[PDB]
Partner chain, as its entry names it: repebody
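There is one chain below, alone, in structure tokens, taken in the form deposited without the partner chain.
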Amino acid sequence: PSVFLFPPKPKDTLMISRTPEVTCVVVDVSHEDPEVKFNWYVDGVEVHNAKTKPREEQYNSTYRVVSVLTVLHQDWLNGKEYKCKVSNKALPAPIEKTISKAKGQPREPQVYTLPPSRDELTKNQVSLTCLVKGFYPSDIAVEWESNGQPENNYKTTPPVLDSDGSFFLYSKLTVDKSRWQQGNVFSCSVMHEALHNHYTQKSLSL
């Protein structure tokens, strides 16, 4: 009987319109003692609005049971701590797990767009680069757009720990050299808790 507690999707925590939730998973629940109760606490205060899912038997003759607690946008960003306690007759004592947003003084990213290198304008496609640096904590989302439509031919590196303790990354959008030279506007779009409204946008053009 082991317990895992998973945080919300990072994007769900950064957009007020979404519903972040924390997920408490119990595995290796017995057939002989399959009863399980969850208790949830927010900063140690018990709360009662979680949603537990019906048990599901696994192929290795164990049960798996899940409970989902919605968290408030502001509670998560303000560092509230979420505890999941799992009780079962087979355990000597209940199992407790706690989770919160990544801790530490927040730092606002600086977003910089970089045009193709001169040497790359030989090729048929060119790389449009978005540098995002100086942010803390590392939870971040990055996407690209042009003319009110997503540009999805991109890849983004994981966050990399920089020498001052902040994080940076780069996102690379690949476009036809014709579109670059035709003058279209491309935008690097960044979501991070420390931005105003957790959002900023930076453009790139010839």
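Positions refer to the first chain, counted from 1.
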Q: Higher average CA B factor in the deposited record is what I'm after, so tell me if that's 192-200 or 11-19.
A: 11-19
(Q) Using only C-alpha atoms and the B-factors in the entry, which stretch averages higher, 31-39 or 66-74? (A) 31-39
(Q) Checking the record values for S166, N147, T156, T174, which has the greatest CA B factor? (A) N147
(Q) Comparing recorded Cα B-factors across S117, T98, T113, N88, which one is largest? (A) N88
**Q.** Within-chain third of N152 by Cα B-factor, per the entry
**A.** middle
Q. Lowest, middle or highest third of the chain for the C-alpha temperature factor of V126?
A. middle
Q. What third of the chain, by the recorded C-alpha B-factor, contains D139?
A. lowest
(Q) Is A93 in the lowest, middle or highest third of its chain when residues are ranked by C-alpha B-factor? (A) highest
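What comes next is about the form deposited with the partner chain bound, which does not appear here.
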(Q) If we define contact as a non-hydrogen atom of the residue within 4.5 angstroms of the partner, is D43 a contact of the partner chain in the bound PDB entry? (A) yes
Q) Is there any non-hydrogen atom of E81 lying within 4.5 Å of the partner chain in the bound PDB entry? A) yes
**Q.** Contact test in the bound PDB entry: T70 vs the partner chain, heavy atoms, 4.5 Å
**A.** yes
Q.
Just checking whether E96 would be counted as a contact of the partner chain in the bound PDB entry - the rule being heavy atoms within 4.5 angstroms.
A. no
Q.
Supposing the chain moves as two rigid blocks between the shown form and the other one, can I95 and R179 be said to share a block?
A. no
